[PDB]
Protein chains: 2
Amino acid sequence: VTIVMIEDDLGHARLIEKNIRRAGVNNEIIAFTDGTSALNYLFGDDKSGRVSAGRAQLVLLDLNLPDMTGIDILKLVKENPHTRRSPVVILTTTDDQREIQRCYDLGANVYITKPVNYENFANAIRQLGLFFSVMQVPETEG
Amino acid sequence: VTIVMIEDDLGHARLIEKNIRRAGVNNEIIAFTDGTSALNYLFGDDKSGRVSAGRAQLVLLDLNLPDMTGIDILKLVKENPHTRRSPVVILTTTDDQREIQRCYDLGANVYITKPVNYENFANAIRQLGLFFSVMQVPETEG
């Protein structure tokens, strides 16, 4: 079971990662700072998604990416039969209800607005790590 | 934001409830010990689900109910417009892939296998309550 972290802000990226570690989670964390590299990983060279077939992974997704919108990755993921079952957790800046509703309708499992306050942000990630250890992350179809 | 707890085991129902409070969550919790009344509240007497339109609610669901199976409650909630946007957290005893994968395929936002150890069980709920206060719970369509 792996954690796929799609975040472009390197500061948040390293903050999230270490607070996950502080939660006791020792799972492999594969990160991407843009949508292009993250999609290649989730869908493979041929973009079919089959490389994700049978994978047990959870994806953290910042909506604001440089080369595309996180929403696209969400739709792609929840549409493909080899990735859709992967729990997607939106972890982004905006707390725009329209954006929240849209994300859930697109298939997001959980949506989290990044707290402003550093302490609040680090604590939230830590809770996420603890919750992660409590949930069941399923493998996608083969 | 209302937490709808669908659990028939009175012992677990009381453990879940107090540990949610233990986590500092003061949200209204409406409990149902059978699936019938639970579906009644969620969909109404007309069964259209309009009673749920615009509601912001998280649902805790045990799959092992006395009058039906929670999986079908999940299927109904995730198919109807005024309840599908509601995050559903499966909280049950079983832990075999087939059930977990089916719940996610049916639309469950999260699946948590009840920890066997009472204390781990209580702590996990506390962990669930903390995460709840960190995530965004959307309102359903109108």
# chains A, B, ... in the order shown; residues from 1 in each chain; ligands from 1
$ closest_atom_pairs --of "chain A" --to "chain B" --cutoff "6 Å" --atoms "only C-alpha atoms" --output "Markdown table"
| residue | atom | partner | partner_atom | distance |
| --- | --- | --- | --- | --- |
| A:101 | CA | B:138 | CA | 5.9 |
| A:109 | CA | B:109 | CA | 4.4 |
| A:111 | CA | B:136 | CA | 5.6 |
| A:112 | CA | B:135 | CA | 4.7 |
| A:127 | CA | B:131 | CA | 5.9 |
| A:131 | CA | B:127 | CA | 5.9 |
| A:135 | CA | B:112 | CA | 4.6 |
| A:136 | CA | B:111 | CA | 5.6 |
| A:138 | CA | B:101 | CA | 6.0 |
$ write_last_selection --atoms "N, CA and C atoms" --output "compact mmCIF listing (two decimals), in the first residue's frame"
# COMPACT_ATOMS: atom_id res chain seq x y z
N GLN A 101 -18.16 20.59 -3.51
CA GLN A 101 -19.24 19.77 -4.05
C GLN A 101 -18.83 19.10 -5.36
N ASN A 109 -12.90 10.95 -2.40
CA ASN A 109 -13.29 10.24 -1.19
C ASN A 109 -13.37 11.20 -0.02
N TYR A 111 -12.26 15.52 1.04
CA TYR A 111 -11.78 16.82 0.63
C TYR A 111 -11.34 17.54 1.89
N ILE A 112 -10.12 18.07 1.86
CA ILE A 112 -9.59 18.79 3.00
C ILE A 112 -9.01 20.14 2.57
N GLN A 127 -3.24 14.18 11.66
CA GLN A 127 -4.51 13.47 11.86
C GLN A 127 -4.78 12.57 10.66
N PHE A 131 -5.56 8.69 10.64
CA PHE A 131 -6.78 8.15 10.05
C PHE A 131 -6.42 7.11 8.99
N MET A 135 -8.06 3.19 8.23
CA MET A 135 -8.92 2.81 7.13
C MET A 135 -8.37 1.66 6.30
N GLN A 136 -9.22 1.13 5.43
CA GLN A 136 -8.83 0.05 4.54
C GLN A 136 -8.61 0.67 3.16
N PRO A 138 -8.14 -0.21 -0.56
CA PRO A 138 -8.29 -1.34 -1.47
C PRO A 138 -7.42 -1.33 -2.72
$ calpha_fit_and_write --fixed "chain A" --moving "chain B" --output "mmCIF file with C-alpha atoms, in the first residue's frame"
data_model
loop_
_atom_site.group_PDB
_atom_site.id
_atom_site.type_symbol
_atom_site.label_atom_id
_atom_site.label_comp_id
_atom_site.auth_asym_id
_atom_site.auth_seq_id
_atom_site.Cartn_x
_atom_site.Cartn_y
_atom_site.Cartn_z
ATOM 1 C CA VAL B 1 -0.069 0.357 0.322
ATOM 2 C CA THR B 2 1.549 3.303 -1.453
ATOM 3 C CA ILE B 3 0.779 6.952 -0.738
ATOM 4 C CA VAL B 4 0.986 9.040 -3.912
ATOM 5 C CA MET B 5 1.503 12.713 -3.070
ATOM 6 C CA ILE B 6 0.639 15.138 -5.886
ATOM 7 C CA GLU B 7 1.791 18.537 -4.631
ATOM 8 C CA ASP B 8 3.831 21.234 -6.413
ATOM 9 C CA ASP B 9 4.460 23.518 -3.441
ATOM 10 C CA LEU B 10 7.748 22.176 -2.158
ATOM 11 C CA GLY B 11 7.144 23.733 1.197
ATOM 12 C CA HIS B 12 3.829 21.959 1.687
ATOM 13 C CA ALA B 13 5.176 18.772 0.167
ATOM 14 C CA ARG B 14 7.888 18.600 2.827
ATOM 15 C CA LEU B 15 5.430 19.502 5.594
ATOM 16 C CA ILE B 16 2.933 16.839 4.490
ATOM 17 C CA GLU B 17 5.597 14.154 4.256
ATOM 18 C CA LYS B 18 7.168 14.698 7.659
ATOM 19 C CA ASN B 19 3.860 14.909 9.428
ATOM 20 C CA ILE B 20 2.739 11.647 7.895
ATOM 21 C CA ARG B 21 5.880 10.094 9.389
ATOM 22 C CA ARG B 22 5.159 11.997 12.576
ATOM 23 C CA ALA B 23 1.934 9.986 12.742
ATOM 24 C CA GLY B 24 3.887 6.736 12.631
ATOM 25 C CA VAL B 25 3.135 6.008 8.986
ATOM 26 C CA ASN B 26 6.114 4.325 7.320
ATOM 27 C CA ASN B 27 4.398 3.597 3.993
ATOM 28 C CA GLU B 28 6.226 4.329 0.753
ATOM 29 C CA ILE B 29 5.404 7.813 -0.500
ATOM 30 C CA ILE B 30 6.052 8.636 -4.136
ATOM 31 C CA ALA B 31 5.866 12.390 -4.785
ATOM 32 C CA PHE B 32 5.085 14.281 -7.991
ATOM 33 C CA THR B 33 5.387 18.057 -8.309
ATOM 34 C CA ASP B 34 3.413 18.239 -11.567
ATOM 35 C CA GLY B 35 0.274 16.524 -12.841
ATOM 36 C CA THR B 36 1.870 15.135 -16.018
ATOM 37 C CA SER B 37 4.367 12.842 -14.331
ATOM 38 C CA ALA B 38 1.710 11.980 -11.750
ATOM 39 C CA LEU B 39 -0.699 10.826 -14.460
ATOM 40 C CA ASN B 40 2.228 9.058 -16.149
ATOM 41 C CA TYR B 41 2.850 6.904 -13.073
ATOM 42 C CA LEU B 42 -0.849 6.212 -12.517
ATOM 43 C CA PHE B 43 -1.804 5.422 -16.112
ATOM 44 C CA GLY B 44 1.495 4.455 -17.721
ATOM 45 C CA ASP B 45 2.938 5.389 -21.099
ATOM 46 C CA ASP B 46 0.117 3.625 -22.913
ATOM 47 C CA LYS B 47 -2.236 5.737 -20.758
ATOM 48 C CA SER B 48 -4.519 2.726 -20.148
ATOM 49 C CA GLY B 49 -3.959 2.742 -16.385
ATOM 50 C CA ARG B 50 -3.003 -0.920 -16.459
ATOM 51 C CA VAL B 51 0.120 -0.116 -14.458
ATOM 52 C CA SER B 52 -2.270 0.671 -11.596
ATOM 53 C CA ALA B 53 -4.216 -2.617 -11.852
ATOM 54 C CA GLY B 54 -4.214 -4.375 -8.489
ATOM 55 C CA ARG B 55 -2.399 -1.542 -6.743
ATOM 56 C CA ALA B 56 -3.324 -0.440 -3.250
ATOM 57 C CA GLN B 57 -2.695 3.304 -3.178
ATOM 58 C CA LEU B 58 -4.033 6.461 -1.524
ATOM 59 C CA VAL B 59 -3.612 9.723 -3.418
ATOM 60 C CA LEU B 60 -3.092 13.168 -1.917
ATOM 61 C CA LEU B 61 -3.998 15.757 -4.508
ATOM 62 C CA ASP B 62 -3.640 19.522 -4.561
ATOM 63 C CA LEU B 63 -5.987 21.083 -7.130
ATOM 64 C CA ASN B 64 -3.539 23.895 -7.835
ATOM 65 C CA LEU B 65 -0.890 22.351 -10.072
ATOM 66 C CA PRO B 66 1.495 24.151 -12.500
ATOM 67 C CA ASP B 67 0.705 22.214 -15.672
ATOM 68 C CA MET B 68 -2.976 21.392 -15.125
ATOM 69 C CA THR B 69 -5.671 21.362 -12.468
ATOM 70 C CA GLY B 70 -5.949 18.495 -10.034
ATOM 71 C CA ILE B 71 -9.687 18.258 -10.641
ATOM 72 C CA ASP B 72 -8.991 16.731 -14.037
ATOM 73 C CA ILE B 73 -6.539 14.269 -12.501
ATOM 74 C CA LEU B 74 -9.394 13.299 -10.144
ATOM 75 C CA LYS B 75 -11.812 12.904 -13.046
ATOM 76 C CA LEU B 76 -9.390 10.628 -14.895
ATOM 77 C CA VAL B 77 -8.584 8.521 -11.828
ATOM 78 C CA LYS B 78 -12.228 7.945 -10.898
ATOM 79 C CA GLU B 79 -13.324 7.030 -14.427
ATOM 80 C CA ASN B 80 -10.681 4.415 -15.299
ATOM 81 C CA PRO B 81 -11.167 0.818 -13.959
ATOM 82 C CA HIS B 82 -7.656 0.286 -12.558
ATOM 83 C CA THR B 83 -7.449 3.513 -10.533
ATOM 84 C CA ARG B 84 -10.974 4.527 -9.549
ATOM 85 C CA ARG B 85 -11.129 2.244 -6.523
ATOM 86 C CA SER B 86 -8.136 4.171 -5.196
ATOM 87 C CA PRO B 87 -9.217 6.583 -2.467
ATOM 88 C CA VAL B 88 -8.472 10.175 -3.367
ATOM 89 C CA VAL B 89 -7.989 12.827 -0.716
ATOM 90 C CA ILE B 90 -8.106 16.359 -2.057
ATOM 91 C CA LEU B 91 -5.762 18.582 -0.103
ATOM 92 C CA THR B 92 -5.895 22.131 -1.388
ATOM 93 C CA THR B 93 -6.095 25.796 -0.424
ATOM 94 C CA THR B 94 -9.583 26.762 -1.598
ATOM 95 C CA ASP B 95 -12.702 26.194 0.480
ATOM 96 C CA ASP B 96 -15.658 27.432 -1.547
ATOM 97 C CA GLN B 97 -18.661 25.087 -1.780
ATOM 98 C CA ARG B 98 -18.607 24.858 -5.585
ATOM 99 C CA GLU B 99 -15.118 23.328 -5.683
ATOM 100 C CA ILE B 100 -15.697 20.990 -2.779
ATOM 101 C CA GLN B 101 -19.032 19.790 -4.149
ATOM 102 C CA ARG B 102 -17.514 19.339 -7.617
ATOM 103 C CA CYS B 103 -14.662 17.156 -6.302
ATOM 104 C CA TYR B 104 -17.102 14.914 -4.478
ATOM 105 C CA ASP B 105 -19.314 14.778 -7.579
ATOM 106 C CA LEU B 106 -16.171 13.876 -9.529
ATOM 107 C CA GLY B 107 -15.550 11.074 -7.025
ATOM 108 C CA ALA B 108 -13.120 12.361 -4.389
ATOM 109 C CA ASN B 109 -13.272 10.230 -1.244
ATOM 110 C CA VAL B 110 -12.328 13.124 1.024
ATOM 111 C CA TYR B 111 -11.665 16.838 0.679
ATOM 112 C CA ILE B 112 -9.458 18.746 3.093
ATOM 113 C CA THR B 113 -8.923 22.480 2.845
ATOM 114 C CA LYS B 114 -5.318 23.215 3.806
ATOM 115 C CA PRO B 115 -5.429 24.977 7.174
ATOM 116 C CA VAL B 116 -3.981 28.485 6.899
ATOM 117 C CA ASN B 117 -2.120 28.255 10.192
ATOM 118 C CA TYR B 118 1.103 26.275 9.638
ATOM 119 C CA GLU B 119 0.765 24.396 12.919
ATOM 120 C CA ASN B 120 -2.908 23.570 12.345
ATOM 121 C CA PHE B 121 -1.812 22.509 8.891
ATOM 122 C CA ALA B 122 0.890 20.182 10.267
ATOM 123 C CA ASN B 123 -1.427 18.783 12.931
ATOM 124 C CA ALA B 124 -4.146 18.112 10.358
ATOM 125 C CA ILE B 125 -1.729 16.051 8.243
ATOM 126 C CA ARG B 126 -0.755 14.134 11.359
ATOM 127 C CA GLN B 127 -4.480 13.562 11.850
ATOM 128 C CA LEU B 128 -4.694 12.416 8.208
ATOM 129 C CA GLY B 129 -1.843 9.943 8.780
ATOM 130 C CA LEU B 130 -3.466 8.495 11.895
ATOM 131 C CA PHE B 131 -6.777 7.978 10.079
ATOM 132 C CA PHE B 132 -4.990 6.422 7.116
ATOM 133 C CA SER B 133 -3.589 3.755 9.425
ATOM 134 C CA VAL B 134 -7.128 3.107 10.667
ATOM 135 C CA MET B 135 -8.937 2.830 7.302
ATOM 136 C CA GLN B 136 -8.954 0.057 4.695
ATOM 137 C CA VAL B 137 -7.255 0.987 1.391
ATOM 138 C CA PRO B 138 -8.399 -1.375 -1.392
ATOM 139 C CA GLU B 139 -6.535 -2.658 -4.439
ATOM 140 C CA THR B 140 -7.873 -1.581 -7.824
ATOM 141 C CA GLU B 141 -9.343 -3.907 -10.472
ATOM 142 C CA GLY B 142 -7.044 -5.994 -12.671
#
$ select_by_dssp --residues "chain B" --states "strand (DSSP E)" --output "list in words"
residues 2, 3, 4, 5, 6, 29, 30, 31, 32, 57, 58, 59, 60, 61, 88, 89, 90, 91, 92, 110, 111, 112 and 113 of chain B
$ write_last_selection --atoms "N, CA, C and O atoms" --output "mmCIF file, in the first residue's frame"
data_model
loop_
_atom_site.group_PDB
_atom_site.id
_atom_site.type_symbol
_atom_site.label_atom_id
_atom_site.label_comp_id
_atom_site.auth_asym_id
_atom_site.auth_seq_id
_atom_site.Cartn_x
_atom_site.Cartn_y
_atom_site.Cartn_z
ATOM 1 N N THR B 2 -24.571 17.077 10.390
ATOM 2 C CA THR B 2 -25.120 16.014 11.220
ATOM 3 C C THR B 2 -24.446 14.669 10.963
ATOM 4 O O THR B 2 -24.223 14.280 9.810
ATOM 5 N N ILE B 3 -24.119 13.962 12.038
ATOM 6 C CA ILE B 3 -23.521 12.640 11.911
ATOM 7 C C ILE B 3 -24.649 11.630 12.080
ATOM 8 O O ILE B 3 -25.325 11.626 13.108
ATOM 9 N N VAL B 4 -24.878 10.807 11.060
ATOM 10 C CA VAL B 4 -25.929 9.800 11.127
ATOM 11 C C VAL B 4 -25.288 8.446 11.396
ATOM 12 O O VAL B 4 -24.614 7.893 10.531
ATOM 13 N N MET B 5 -25.486 7.917 12.599
ATOM 14 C CA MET B 5 -24.903 6.628 12.959
ATOM 15 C C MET B 5 -25.889 5.474 12.762
ATOM 16 O O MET B 5 -26.928 5.409 13.424
ATOM 17 N N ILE B 6 -25.562 4.582 11.831
ATOM 18 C CA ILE B 6 -26.391 3.412 11.544
ATOM 19 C C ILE B 6 -25.675 2.170 12.103
ATOM 20 O O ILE B 6 -24.833 1.547 11.446
ATOM 21 N N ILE B 29 -25.755 13.934 16.596
ATOM 22 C CA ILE B 29 -25.638 12.571 16.117
ATOM 23 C C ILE B 29 -27.006 11.943 16.244
ATOM 24 O O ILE B 29 -27.549 11.866 17.347
ATOM 25 N N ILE B 30 -27.574 11.521 15.119
ATOM 26 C CA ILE B 30 -28.872 10.866 15.138
ATOM 27 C C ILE B 30 -28.592 9.391 14.829
ATOM 28 O O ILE B 30 -28.043 9.049 13.774
ATOM 29 N N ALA B 31 -28.942 8.533 15.786
ATOM 30 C CA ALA B 31 -28.699 7.096 15.689
ATOM 31 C C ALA B 31 -29.893 6.242 15.265
ATOM 32 O O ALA B 31 -31.030 6.501 15.647
ATOM 33 N N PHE B 32 -29.614 5.215 14.471
ATOM 34 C CA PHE B 32 -30.641 4.289 14.012
ATOM 35 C C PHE B 32 -30.101 2.883 14.237
ATOM 36 O O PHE B 32 -28.971 2.582 13.842
ATOM 37 N N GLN B 57 -24.333 16.029 5.920
ATOM 38 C CA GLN B 57 -24.301 14.905 6.851
ATOM 39 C C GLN B 57 -23.258 13.845 6.511
ATOM 40 O O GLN B 57 -22.983 13.581 5.348
ATOM 41 N N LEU B 58 -22.680 13.247 7.548
ATOM 42 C CA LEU B 58 -21.700 12.177 7.385
ATOM 43 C C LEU B 58 -22.424 10.946 7.923
ATOM 44 O O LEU B 58 -23.097 11.024 8.950
ATOM 45 N N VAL B 59 -22.295 9.813 7.241
ATOM 46 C CA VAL B 59 -22.965 8.614 7.712
ATOM 47 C C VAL B 59 -22.030 7.472 8.081
ATOM 48 O O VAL B 59 -21.166 7.071 7.292
ATOM 49 N N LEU B 60 -22.196 6.980 9.306
ATOM 50 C CA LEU B 60 -21.430 5.844 9.801
ATOM 51 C C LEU B 60 -22.342 4.661 9.555
ATOM 52 O O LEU B 60 -23.479 4.644 10.022
ATOM 53 N N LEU B 61 -21.851 3.674 8.826
ATOM 54 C CA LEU B 61 -22.681 2.528 8.503
ATOM 55 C C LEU B 61 -22.034 1.178 8.753
ATOM 56 O O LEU B 61 -20.927 0.904 8.291
ATOM 57 N N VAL B 88 -19.846 8.661 3.078
ATOM 58 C CA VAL B 88 -20.268 7.484 3.804
ATOM 59 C C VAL B 88 -19.043 6.750 4.296
ATOM 60 O O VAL B 88 -18.156 6.425 3.515
ATOM 61 N N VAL B 89 -19.002 6.494 5.599
ATOM 62 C CA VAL B 89 -17.887 5.783 6.197
ATOM 63 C C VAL B 89 -18.401 4.439 6.676
ATOM 64 O O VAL B 89 -19.217 4.365 7.595
ATOM 65 N N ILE B 90 -17.947 3.373 6.028
ATOM 66 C CA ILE B 90 -18.363 2.039 6.415
ATOM 67 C C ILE B 90 -17.570 1.675 7.650
ATOM 68 O O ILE B 90 -16.351 1.823 7.680
ATOM 69 N N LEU B 91 -18.265 1.208 8.672
ATOM 70 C CA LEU B 91 -17.620 0.824 9.911
ATOM 71 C C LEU B 91 -18.218 -0.531 10.290
ATOM 72 O O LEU B 91 -19.274 -0.621 10.928
ATOM 73 N N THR B 92 -17.538 -1.593 9.877
ATOM 74 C CA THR B 92 -18.039 -2.923 10.146
ATOM 75 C C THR B 92 -16.960 -3.909 10.573
ATOM 76 O O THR B 92 -15.765 -3.614 10.530
ATOM 77 N N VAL B 110 -15.083 5.979 2.636
ATOM 78 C CA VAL B 110 -14.088 5.351 3.492
ATOM 79 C C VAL B 110 -14.646 4.058 4.077
ATOM 80 O O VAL B 110 -15.853 3.924 4.299
ATOM 81 N N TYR B 111 -13.753 3.105 4.311
ATOM 82 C CA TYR B 111 -14.120 1.828 4.887
ATOM 83 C C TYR B 111 -13.174 1.571 6.054
ATOM 84 O O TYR B 111 -11.940 1.645 5.916
ATOM 85 N N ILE B 112 -13.756 1.292 7.211
ATOM 86 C CA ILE B 112 -12.974 1.020 8.404
ATOM 87 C C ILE B 112 -13.436 -0.285 9.013
ATOM 88 O O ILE B 112 -14.609 -0.431 9.347
ATOM 89 N N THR B 113 -12.520 -1.238 9.132
ATOM 90 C CA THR B 113 -12.854 -2.513 9.744
ATOM 91 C C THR B 113 -12.765 -2.264 11.248
ATOM 92 O O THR B 113 -11.752 -1.748 11.742
#
$ select_by_dssp --residues "stretch 10-103 of chain A" --states "helix (DSSP H, G or I)" --output "PyMOL selection string"
chain A and resi 10-22+35-43+50-52+70-79+97-103
